[PDB]
Every structure is written in structure tokens, then in C-alpha cells.
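Notes to accompany the following structure.
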Amino acid sequence: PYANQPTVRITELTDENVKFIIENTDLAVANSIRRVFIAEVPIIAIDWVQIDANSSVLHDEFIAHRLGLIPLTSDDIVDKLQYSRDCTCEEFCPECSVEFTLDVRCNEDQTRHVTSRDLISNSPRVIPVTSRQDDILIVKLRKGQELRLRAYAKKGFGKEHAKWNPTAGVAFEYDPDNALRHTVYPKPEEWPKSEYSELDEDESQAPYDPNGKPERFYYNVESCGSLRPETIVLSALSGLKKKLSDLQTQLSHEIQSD
Amino acid sequence: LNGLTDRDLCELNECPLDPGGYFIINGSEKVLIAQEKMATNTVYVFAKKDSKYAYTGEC
Amino acid sequence: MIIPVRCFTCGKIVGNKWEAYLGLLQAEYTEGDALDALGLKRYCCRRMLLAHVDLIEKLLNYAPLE
Amino acid sequence: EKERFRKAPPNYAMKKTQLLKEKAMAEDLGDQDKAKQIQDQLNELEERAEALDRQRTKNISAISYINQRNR
Amino acid sequence: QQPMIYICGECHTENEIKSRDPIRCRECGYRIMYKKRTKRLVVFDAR
Amino acid sequence: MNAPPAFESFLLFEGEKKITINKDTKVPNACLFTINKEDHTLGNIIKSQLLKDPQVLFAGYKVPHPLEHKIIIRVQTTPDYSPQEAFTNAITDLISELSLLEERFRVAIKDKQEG
Ligand SMILES: [Zn+2]
Ligand SMILES: [Zn+2]
Ligand SMILES: [Zn+2]
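Residue numbers (the entry's author numbering), protein chains in the order written: chain C, 2 to 133, 145 to 270; chain B, 163 to 221; chain J, 1 to 66; chain R, 498 to 568; chain L, 12 to 58; chain K, 1 to 115.
In C-alpha cells, the structure reads:
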């Protein structure tokens, strides 16, 4: 009547994605961890743009929309900043936000390519993905136009908006061989073998297994560039643990009050 | 804009992709729908039954 | 009108690849090879470089001044 | 008085100036006037082409190059 | 002391047009002209 | 025009409780736990963890309406084991398992880098 002892094994560690495997765990925990990977992951992003002079051809809101989708590295800044909603001051304080500025005006004859590199941030570590591969093209300006504005970044998670979605695409998969029969193939021979399939090329699918629980969940968390993959996993685990702790505290208070 | 290069069209706040062929009355694009009718100078021999004539040679 | 910043389905950044895609297509590479040369595995992110229409050029043709 | 000293081509009236010059050349039955108008129209067209090339030297031209080679 | 500045149609040259005055540019002379962006706090949410 | 904002999915409103206990009258030792501003993330793991415990006769959640941010969890244990302590134990052991999983993942990562 207690929990289990899951095991972890990393198969590929790179600076763009990680492929780890979790064994001896329930399917619900795995799916919840996935949904947390996608939705509930603190990360910094643009959420407040003040446009002062925009003579481009696109809409006034188009600039803000594109700026909202530009990732920002937050390897060691997201854990320090606090949510703007829970701040105890006025105006976007640097202790709970990061300021940006963009002032580009096409003067020469050739057309400008306003990229993310023009976003001059006040903080050193909070910069768009341009450290170490072109830069995110914002808009194109021509001789006579300009784009002056300044925006602030705040902490948020994907559940609020897609801008705070660090993971590009999580490849969640378990039981490569259709052993638990969770999916019935009308013609198994017509389907290809999964990447993690241990079954030989002769047999189409593994035989049935009545007394068998789902284990060996495969993951392929792919970072967009802002947060590192392993960092994303650690943040997700910490956030889920915090949510459970808060729920436990609320339940204890409710029981004591009754 | 008769046989004018795309350069001028772009400079005249117009696009070369516009099909054209539409009048501008009071700043509104008016188009004339092509109406169809019976061909003239041709003999038609119908057979109207809801009348006193068996055949009618309209022209 | 302009290349999006991220793929609608997946979410991977694709805005910073339009220029590279055009350059690779211009040099010698084809589309089917350039897409996986840039690093686009999933087929959902490959539409952003194939389906996208670059209409910002026509808009820039109507320069306000000079 | 402003247009007297201020030269005509600057900046957005290039098409309008060319149309006016063409209309003047068509209306004028003289030979010297027609030749002068034609030369002015050709000079304006060449200047517009050079300006477009300078502005469209990058991106706007590379895109056309990639499109033609792709087709 | 705001004389309601405008922007010409094709010249894109600033012009000072006051009430009870014709709508024309300071030079050449056209009949089309637009206004300038407001000076208010245009603030959007990148959502 | 009437689209709700994005903070109403996780943030509590003034006066709304995060969790409310309500005893059922049809069968003994059965309470419905109603959670506010949550989704399947925080109910499916608890459902499974409760399923692990043999003393829990019934366990399962639901979503009264997808647009509404609320989930009801119904638990029914043996008469000698109240459902409150069952929920508490499920949360506690789940937290312990997640912490252990995090530690194992961290050590595996630190060993993977040059090792
Ligand atoms: Zn603050
Ligand atoms: Zn995609
Ligand atoms: Zn005028």
C-alpha cells in the first residue's frame, strides 16, 4: 500500500534533446509527467510590449505577436524571478521581470532584416537564442520605415499560453511491441516496427500477456532552445512535487478545520 | 494602366495581380454580369401545348 | 505573409530557418534534402518551409517614401 | 515656387512624372519636343530601374533567382 | 499649441493644416493626406 | 468578446477553496473530494495511487465540464480505514516516489556527462 521504486536510464544526452527511459512506474504518472513537460514548466518570455512608433507594413499587434514567440534562455533566471501576479510592487520591477528594447530604422537603400539580435536586454543572461544558425526574423523594414519599442519579460507556463511552452515535441511511447493489446491492429504485417522494438523482423507483434503492467516508458523531450532538456525535466518534477505538497497542505487544513 | 510594367503599378498603389476590368463609380467596384438570351436571326420551332397552336415558329 | 516563429503543431522555432532554407535551395540542394539538412525530422514542421508564401516582398514593394 | 527649384523625380511621383511626360510627347506634334520627351522618359525609367536594383539588390533579387532556378 | 500636423499622400511630407483651410500639400499640390500616430500609451499584450 | 482569460485555469479566486470534503450518504465510508482550478494532471496520478492501495474499494475522478476547471474524486475504503487518511497517504507516497525519481534522474544525468 505504498509507492514504487522507478529507475531511470539516459540513452542519448545532447544540448538539444534527451532520450531517457523510466521503468517500474504507473502509466498515469508517466502521462502526467508528460503533460507537465508540455504545460506546467516555468520559463521567461515576452508578455508586455509597449510600441511607440511602428511604421512597418504589418499590423501594430503583429509585432507583439511575433515578439511573444521568441524564446529566451532562462537556465538560472527562471528559478529566481517571481510571478508578476504575486509581486508586491508597482511597474515591472527587474526583480520580477526583464526589460527589452528594440530601435531599428532602415536608412540605407537595402532592406533591413530585423532579427532577434536587435533585442537589447538589460540583463546579461536573459537574451534570445543567439549565443552559440540564423536569428529569429521579426520583420523586414525598407528605407523610410522604423520600429521603436520596449518590452518586458515575465515568468509563466504553457497552461497560460503557448509562448511558455519550452518543449517542442515530447515523443512519449511505451510497450513498443503490442503485448498488452492496448491497440488492435487489423493487419499487423502492414505496420512498421517501432524504434524501440526488440522483436525480430520475422514476428509482427509480441504474443499476448494477461498478467502484464505497462513499464519502460520512453521519452524524447526536445528543447526549443530556451531551457535545457534535463533542466526541463527537473523543473517539471519540482513543480509537480510542489503542487502535491500544496494539495496535501490544503487537505490537512481542511481536515483540521472540520 | 494599359500595358504598364509592374514597377509603375506598385508605385501607383496598385498590384499587377489585379484582374481589372471593373468600373469605378463613386469609389465602388462595379462589374457587369454577362446576361444570356436567345440567339437572334435564328428560327425556333417550339411545340407549346398549353395553347391553341400545335407549333410556333418564333424568330 | 511572413514566416512564422514556431510550428503550429509541434512548436519548434522555424522563423530562424527561412533564409537558410532559401540559401540551401539556391546553392545546389533540393527541398527533400534541405529540410532534413536544416534539422526538421517531423513532417508537421516541414510544411512551414513548403507551404509558406512569402508575401512580405509585395508589401515592401509599396515603399512609403523614396 | 517650391516645384520650380525642387527637382521633379523625388520621390514617389516617378510613375506620375513618366505618365505626364508620355502624355506631353503624344500631344506634341513636334519632332524636337517629342525626342526630348522620349529621352527624359527613358532617363526616368533608367533611374527608377537603378533605384529598384539598389533597393532590391538583396532578398528581393535572391528570391527571384531561387524561384527561377526552382521552376 | 497643436496645429494638427498631417502627412501628405505621395510626398509623405509633414504639413500643418488648421481648421477652415484647404486640404493640400505645401509643395506640388495633391488632395490626399493621412494623420500621424497618436501620442497615447499604445501598450499591447503579446498574447 | 466573452472569451475567459488564461489565469482562471490555475489561479484561485477570492472565496473559492482549493479542496472541499463532502461525505456521501448512499454507502458508508465514502467521500467526494472536489478540487478547484486543476485538470487531469493532479487527479489521474492520485487515482492510480489509490488503486494501488488494497484497502480502497473504489477510486475514480471525473470532470463535470471541460470548460469548468473542477474535478470530483470519489473514494471509498473499508470501514476501518477512513478515506481522508487514504488520500493523505497516497499524496505522501506519491511525493516520495517523485522525489526519488528526481534524485535518480539527476544522478544519472551527472554520471552521463563525461562518464
Ligand atoms: Zn516587482
Ligand atoms: Zn511541425
Ligand atoms: Zn499639395
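Heads up, the beta-carbon is just placed ideally off N, CA and C, and yes, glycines get one too.
Note down, in chain order, all residues in the stretch 500 to 516 of chain R with a beta-carbon under 7 angstroms from any beta-carbon belonging to chain L. 500, 503, 509 and 510
Using a Cβ-Cβ distance cut-off of 9 angstroms, determine whether residue 157(C) contacts chain R. Numbered from its first residue, the first sequence carries residue 157(C) at position 145. By this cut-off, residue 157(C) is not an interface position.
Helix, strand or coil for residue 195(B)? Go by DSSP, reduced to three states. Counting from one through the second sequence, the residue named residue 195(B) turns up at place 33. Residue 195(B) falls in the coil class under three-state DSSP.
Write down every uninterrupted run of the alpha helix (DSSP H) in the stretch 17 to 55 of chain C whose length is 4 residues or greater and which is fully enclosed by it, in chain order. Listed in chain order, they are 28 to 39.
Taking three-plus beta-carbon pairs below 8 angstroms as touching, is the stretch 12 to 27 of chain K in contact with the stretch 83 to 98 of chain C? no
What does residue 38(L) touch in chain R if you count any residue whose Cβ is under 8 angstroms from its own? If you number the fifth sequence from 1, residue 38(L) lands on position 27. The contacting residues are 499, 500 and 503.
Look at the alpha carbon of residue 14(K) and the alpha carbon of residue 55(K), and state the distance between them as a whole number of angstroms. Here the question's residue 14(K) lines up with position 14 in the sixth sequence. Here the question's residue 55(K) lines up with position 55 in the sixth sequence. Taking the straight line from one Cα to the other gives about 37 angstroms.
Neighbourhood of residue 149(C) by C-beta distance below 7 angstroms, restricted to the same chain and skipping five residues each side: To locate residue 149(C), count along the first sequence from 1; it is residue 137. Correct list, in chain order: 114 and 116.
Using 8 angstroms for Cβ pairs, my map puts residue 101(C) next to residue 122(C). What's the rounded Cβ distance? Mapped onto the first sequence, residue 101(C) falls at position 100. Mapped onto the first sequence, residue 122(C) falls at position 121. Correct: roughly 5 angstroms between the Cβ atoms.
Could you name each continuous beta strand (DSSP E) segment of 3 residues or more that falls completely within the stretch 58 to 132 of chain C, going from the start of the chain to the end? 103 to 106 and 113 to 116
Please determine whether the Cβ atom of residue 17(L) lies at a distance below 8 angstroms from any heavy atom of ligand 3. For the purposes of this step, residue 17(L) is taken as the residue at position 6 of the fifth sequence. Outside the cutoff, so no.
Identify the continuous beta strand (DSSP E) that holds residue 26(L) and give its terminal residues. Working through the fifth sequence from its first residue, we reach residue 26(L) at position 15. From DSSP, the beta strand (DSSP E) with residue 26(L) extends over 25 to 27.
In angstroms with no decimal places, state the Cα-to-Cα distance between residue 28(K) and residue 79(K). Sequence index remark: in the sixth sequence, residue 28(K) carries index 28 (1-based). Sequence index remark: in the sixth sequence, residue 79(K) carries index 79 (1-based). Looking at the two C-alpha atoms, the distance is approximately 7 angstroms.
Counterpart residues of residue 56(K) in DSSP-defined beta bridges: Translated into positions along the sixth sequence, residue 56(K) becomes position 56. DSSP lists 77(K) as partners of residue 56(K).
Which same chain residues, not among the five before or five after residue 166(C), have their C-beta less than 6 angstroms away from its C-beta? Counting from 1 along the first sequence, the entry for residue 166(C) is found at position 154. Same-chain partners within the cutoff: 48, 85 and 98.
List the whole-angstrom C-beta distance separating residue 9(K) from residue 253(C), where the pair is believed to meet the contact cut-off of C-beta under 8 angstroms. Numbered from 1 along the sixth sequence, position 9 holds the residue referred to as residue 9(K). Numbered from 1 along the first sequence, position 241 holds the residue referred to as residue 253(C). The Cβ separation is near 20 angstroms, so there is no contact.
Among 156(C), 214(C), 226(C) and 164(C), nearest to residue 58(C) - alpha-carbon criterion: Here residue 58(C) refers to the residue found at position 57 of the first sequence. Selected option, being the one with the closest Cα: 156(C).
So which of 65(K), 76(K), 103(K) and 105(K) has the shortest CA-CA distance to residue 25(K)? Position 25 of the sixth sequence, counted from the start, is the residue given in the question as residue 25(K). Residue 25(K) has its Cα closest to that of 76(K), out of 65(K), 76(K), 103(K) and 105(K).
Could you please give me the residues that DSSP links to residue 6(J) through a beta bridge? Walking along the third sequence from the start, residue 6(J) turns up at place 6. Paired residues: 13(J).
Within 9 angstroms of any Cβ in chain C, is that where the Cβ of residue 21(K) sits? As a first step, residue 21(K) is located in the sixth sequence; it is residue number 21 there, counting from the start. Yes, because at least one Cβ of chain C sits closer than 9 angstroms to the Cβ of residue 21(K).
Any heavy atom of ligand 1 within a distance shorter than 8 angstroms of the CB on residue 250(C)? Taking the first sequence and counting its residues from 1, the one referred to as residue 250(C) is at position 238. Flag unset: Cβ of residue 250(C) not near ligand 1.
DSSP-derived helix/strand/coil call for residue 103(K): Here residue 103(K) refers to the residue found at position 103 when the sixth sequence is read from its first residue. In this structure, residue 103(K) counts as helix in the three-state DSSP scheme.
Please list the terminal residues of the continuous alpha helix (DSSP H) segment that includes residue 61(J). The residue you call residue 61(J) lines up with position 61 of the third sequence. Per DSSP, residue 61(J) belongs to the alpha helix (DSSP H) from 56 to 61.
Evaluate the contact criterion for the stretch 57 to 75 of chain K versus the stretch 221 to 236 of chain C: three or more CB pairs, one atom per stretch, below 8 angstroms. Per the Cβ contact rule, the stretch 57 to 75 of chain K is not in contact with the stretch 221 to 236 of chain C (fewer than 3 Cβ pairs under 8 angstroms).
Could you give the DSSP three-state label for residue 32(J): helix, strand or coil? Counting from 1 along the third sequence, the entry for residue 32(J) is found at position 32. Three-state DSSP puts residue 32(J) in a helix.
Could you tell me whether the Cβ atoms of residue 21(L) and residue 513(R) are closer together than 9 angstroms? By 1-based counting over the fifth sequence, the position of residue 21(L) is 10. By 1-based counting over the fourth sequence, the position of residue 513(R) is 16. Yes, the pair counts as a contact, with Cβ atoms nearer than the cut-off.
Element boundaries [alpha helix (DSSP H), containing residue 12(K)]: As a position in the sixth sequence, residue 12(K) is number 12, starting the count at 1. Premise fails: residue 12(K) is in no alpha helix (DSSP H) and is neither H nor E.
Using three-state DSSP, classify residue 9(C) as helix, strand or coil. As a first step, residue 9(C) is located in the first sequence; it is residue number 8 there, counting from the start. Residue 9(C) falls in the strand class under three-state DSSP.
Ends of the alpha helix (DSSP H) at residue 27(J)? Position 27 of the third sequence holds residue 27(J). For residue 27(J), the uninterrupted alpha helix (DSSP H) segment begins and ends at 18 to 27.
DSSP bridge partner residues for residue 152(C) (one or two, in chain order): What you label residue 152(C) is simply residue 140 of the first sequence in a count that begins at 1. In DSSP, residue 152(C) forms a bridge with 114(C).
Would you say the beta carbon of residue 38(L) comes nearer than 8 angstroms to a heavy atom of ligand 3? For the purposes of this step, residue 38(L) is taken as residue 27 along the fifth sequence, with counting starting at 1. Yes; taking the cut-off as 8 angstroms, the Cβ of residue 38(L) has a heavy atom of ligand 3 nearer than that.
Say yes only if the C-beta of residue 35(L) is nearer than 8 angstroms to one or more non-hydrogen atoms of ligand 3, and no if none qualify. Numbered from 1 along the fifth sequence, position 24 holds the residue referred to as residue 35(L). Within the cutoff, so yes.
Grab me the residues of residue 251(C)'s own chain with a C-beta within less than 6 angstroms of its C-beta, minus the 5 sequence neighbours each way, in chain order. Counting from one through the first sequence, the residue named residue 251(C) turns up at place 239. Once the five neighbours on either side are set aside, the close Cβ partners of residue 251(C) are 41.
How many Å lie between residue 241(C) and residue 506(R) at the Cα? Walking along the first sequence from the start, residue 241(C) turns up at place 229. Walking along the fourth sequence from the start, residue 506(R) turns up at place 9. Near 58 angstroms, if we compare the C-alpha coordinates of residue 506(R) and residue 241(C).
Output the boundary residues of the alpha helix (DSSP H) element that contains residue 513(R). Locating residue 513(R) in the fourth sequence gives position 16, counting from the first residue. From DSSP, the alpha helix (DSSP H) with residue 513(R) extends over 511 to 524.
Nearest-residue set for ligand 2, Cβ under 6 angstroms from any heavy atom: 7(J), 9(J), 10(J), 42(J), 44(J) and 45(J)
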